[PDB]
Every structure is written in structure tokens, then in C-alpha cells.
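In this text, residue positions in the sequence shown follow our numbering: the first is 159, and each later residue adds one.
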Amino acid sequence: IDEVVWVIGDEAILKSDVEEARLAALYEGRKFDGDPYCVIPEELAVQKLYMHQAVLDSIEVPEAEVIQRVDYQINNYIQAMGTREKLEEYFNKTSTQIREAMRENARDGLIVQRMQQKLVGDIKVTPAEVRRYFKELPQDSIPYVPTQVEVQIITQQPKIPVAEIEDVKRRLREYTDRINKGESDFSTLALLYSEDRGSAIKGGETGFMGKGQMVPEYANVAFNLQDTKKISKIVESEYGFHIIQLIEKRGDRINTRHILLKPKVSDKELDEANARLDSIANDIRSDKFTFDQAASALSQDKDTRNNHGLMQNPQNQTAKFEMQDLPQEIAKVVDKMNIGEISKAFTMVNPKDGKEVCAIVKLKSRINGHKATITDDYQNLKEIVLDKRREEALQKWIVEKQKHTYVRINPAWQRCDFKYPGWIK
């Protein structure tokens with residue numbers, strides 16, 4: 159089913175790699191520059207160039223060492239909006255997928271390592287021609303430099319009420335009695351009420367998936383069951399509460415329908431937490447104890463708790479924010495906040511776990527609007543010119559090593575008008 163498209167020296171590029179990268183990019187906002195079959199082989203070949211040179215200069219390139227990536231591999235790729243069959247829609251198995259993703263990102267990491275090593279003119283507190291003569295030939299088309307924001311926060315998890323969990327158990331038991339007395343079908347109740355969106359639509363079914371990958375408690379009680387039409391006991395998992403009815407069993411692989419219900423936070427518990435946070439804020443305002451201290455004693459962020467509740471931007475790895483790299487809830491709250499003001503207690507979806515938490519924020523700094531003025535926005539300018547020149551130099555590097563290293567393209571695949579068309583004699 160695969161065919162070897164290009165070969166760069168000793169190593170090869172497979173169409174499988176092409177499709178894999180194409181589907182992954184089509185997920186991450188792929189704007190087609192033309193025929194993907196003319197650009198992705200090009201892109202993969204170029205990273206092969208960097209990789210080739212990467213080993214070539216020295217073991218200097220840790221080759222990504224594989225484990226280096228594995229941390230992020232499970233940390234970011236496995237954390238999708240869904241997993242299992244949602245991912246496996248494309249071809250290959252999950253274990254093959256984890257391996258393929260590991261290789262692809264390892265390649266990318268060594269590219270980043272190489273590109274950094276390929277340019278030493280990038281220095282700090284260096285004029286770089288005092289900003290190339292302070293933006294020589296200043297064009298009428300100028301940058302924007304949008305609103306930068308620093309925000310501090312202290313959060314609280316609303317404690318899940320016991321009467322809610324028992325309400326969850328009560329609904330599950332009621333479901334057990336309704337199906338057993340034959341008052342309503344189990345499939346209909348799974349569809350209507352199950353919080354497992356994937357299983358529910360298909361009648362609550364999980365498919366013949368087994369292998370142990372089923373969370374340990376669910377597999378534990380699932381295989382012990384023998385009678386068909388058997389309602390399991392309420393069993394708790396990291397997702398929520400489950401009731402189980404076996405369908406069919408192929409050895410260790412087992413099919414089982416289940417209804418999942420997640421214990422939810424009552425609006426009243428949120429209202430209480432918010433009122434407590436609002437009281438904490440009044441105490442902050444009256445200077446009883448600073449927000450910095452309440453952050454290190456009461457915030458439940460744990461990543462920003464001790465660091466004065468200050469939010470850290472993932473994109474730039476700094477504390478600044480651009481009104482778009484911050485959660486919708488906080489940014490909305492900040493839109494109408496001046497500097498040095500602690501917010502009113504609000505309810506935010508915690509971005510990592512997907513659960514509701516109450517919080518209050520205090521806007522630390524706001525560089526409003528603004529345009530590049532060359533007097534304080536000079537770091538930005540410095541960055542702009544450096545990156546532009548580095549890309550110019552790297553393309554120069556790409557052209558040279560393109561003439562010095564081997565290139566072979568499937569003759570079914572040499573029709574595209576490739577960029578950097580140096581791969582032909």
C-alpha cells in the first residue's frame with residue numbers, strides 16, 4: 159500500500175509518512191499552499207537535511223534521545239479532545255501511533271536543536287546594526303504589538319457535595335430497577351442519560367475492547383460477571399460512576415454496555431465559594447493581608463500558587479498575555495478591569511482537568527493597544543529582523559546542502575513545481 163517517494167542520502171521518505179503528517183497537519187489548521195503532495199515531501203526532505211547534517215557535524219544533536227520526547231508525547235498528543243477509536247479512525251493501531259508520533263516529534267526536536275546551532279549571530283544586548291539603522295527604509299505598513307496583559311489569580315475547587323454523589327448512585331440504582339422490571343430498555347437509558355458521549359449514542363456499547371486498557375476497576379467487575387442481562391454494581395472510576403451489562407466475550411477481549419454519570423457541582427456550592435472569595439478580596443483591599451500571601455496560602459493552582467498567583471503564558475513561556483492566549487473566562491473578566499484591581503469571584507472551567515472552579519484575578523499590567531514606537535518596542539523589532547535574516551540564511555544553507563547531498567524522487571512524484579527546486583541536476 160505504501161511507496162517510497164523521496165530518498166535523501168542513506169534514509170528514505172515513505173508515503174505513509176506523507177499521509178501521517180498530512181492528516182496531523184490537516185487537524186492543526188492546515189491551509190493548503192497548493193498540492194500537499196508537492197510540499198509535505200519537500201518539508202520532510204528538508205528535515206531530513208537538518209537531521210543528516212545534525213548527525214554529521216557531531217553527536218551534538220541528542221537525536222532527541224527518544225525519551226526526551228516521550229514526556230511531551232504522552233503529555234500533549236495523547237491529550238486530545240478524545241482518544242481510542244477517535245484517533246484510530248485513520249489507519250495503524252494505537253501502539254503503532256504512539257511510536258510514529260514519537261519518531262516524528264523527535265525529528266522535529268532535533269530540527270529545532272540544529273536550526274539553533276546553525277546561527278550564532280543571534281545575541282542579546284547587541285545592536286544588530288542598532289536595529290538595522292533603527293528600521294532602515296521604514297515601510298508605511300507597520301506592526302501592531304497588541305494588548306499585553308499580566309494577570310494574577312487565586313482559585314478554589316468547589317467541594318463535591320455528598321448528597322450529589324448519592325444522587326448519582328440513586329439514579330444509577332433507579333436505572334437498574336427500571337431496566338430489570340422491563341419498564342424501559344437499557345439501551346434507551348444509556349443513550350438518554352449516559353455521560354459517556356461516545357458509548358451512549360451507540361446504545362451504551364463499548365465494543366469488544368479489553369486487554370486491560372479498560373480502567374482497572376471496570377475490567378475487574380466486568381469479567382467476573384457471567385449472566386447475560388446482568389446489571390453490575392455501582393463502580394467508581396476516574397471518569398465517573400458506571401453500571402455495566404455484558405454483551406459478548408471473545409477471550410480476554412470483552413464487550414460491555416455501560417451508563418456513566420459524573421457527580422456535578424451544585425450552583426449553590428459555587429455561589430458559596432464565590433462569596434468566600436469575594437470576602438477574601440475585600441480583606442485584600444482593606445490591606446489586611448496581601449493578595450500575594452493569600453495566593454501562597456489559599457490558591458489551588460499549585461503551579462502559580464507560590465509565585466504571587468501569577469499566570470504564566472504557555473506560548474511565550476513568560477508571564478505576559480495577549481487577551482487571546484488566556485482562558486475566555488479570565489480574559490472576559492479582564493477586558494473590563496483596570497490595572498491593580500482584584501476581580502469579582504467568577505466561575506471558570508479549569509482548562510486542564512475540564513472541571514469548574516471559582517476564582518478571582520488581579521490585573522498586574524496592561525500595555526494597551528499600542529504600535530511599534532522603536533523606543534520601547536525595540537526588542538520586538540530586534541526579534542523581527544533577526545528571524546527574517548535567520549530564515550534567509552537557513553534557506554541559503556538549504557540550497558547549499560541541497561547541492562551537496564543525495565536526492566532521489568519517485569518519477570511518479572517529480573512533476574510538482576517544488577519550492578527550493580534544487581533537488582534536480
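Positions of the beta carbon are idealized from the N, C-alpha and C atoms, including for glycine.
Remark: three or more beta-carbon pairs, one from each stretch, lie closer than 8 Å, so the stretch 265-276 and the stretch 204-212 are flagged as touching. Taking 8 Å as the cut-off, the Cβ atoms of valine 309 and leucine 484 count as close.
Of the other Cβ atoms in all chains shown, fewer than 16 fall within 10 Å of the Cβ of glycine 527; this residue is therefore exposed.
Taking C-alpha positions only, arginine 524 is separated from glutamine 537 by approximately 18 Å. Taking a contact as a CB-CB distance under 8 Å, the pair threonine 414 and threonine 364 counts as one, their CB atoms being some 6 Å apart. Taking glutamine 458 as the centre and dropping the five residues before and after it, the same chain places the C-beta of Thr313, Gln314 and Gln315 closer than 7 Å to its C-beta, in chain order. If you keep only unbroken alpha helix (DSSP H) runs of at least 4 residues inside the stretch 211-298, you get 225-230, 252-275 and 286-293.
Under the three-state reduction of DSSP output, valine 373 falls in the coil class, being neither helix nor strand. Here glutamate 341 carries a coil assignment [DSSP, helix/strand/coil].
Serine 352 places its beta carbon less than 8 Å from that of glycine 362. For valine 492 and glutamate 480, the gap between their C-alpha atoms comes out near 11 Å.
Where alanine 439 is concerned, the enclosing alpha helix (DSSP H) starts and stops at 425-443. Sequence-distant Cβ neighbours of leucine 347 in its own chain, meaning closer than 6 Å and more than five residues away, are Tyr333.
Just measuring C-alpha positions, the residue of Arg290, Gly240, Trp164 and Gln231 sitting nearest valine 543 is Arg290. Taking all protein chains in view, the Cβ of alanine 433 is surrounded by fewer than 16 other Cβ atoms within 10 Å, so the residue is classified as exposed. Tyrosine 235 and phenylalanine 399 have their alpha carbons spaced roughly 27 Å apart. Taking a C-beta distance under 8 Å as the contact criterion, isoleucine 311 and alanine 517 qualify as a contact pair. Under the three-state reduction of DSSP, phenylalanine 366 is assigned to coil, being neither helix nor strand. Take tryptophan 571, set aside five residues on each side of it, and the residues of its chain with a beta-carbon closer than 8 Å to its own are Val163, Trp164, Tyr195 and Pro199, in chain order. DSSP, reduced to helix, strand and coil, places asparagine 413 within a strand of the structure shown.
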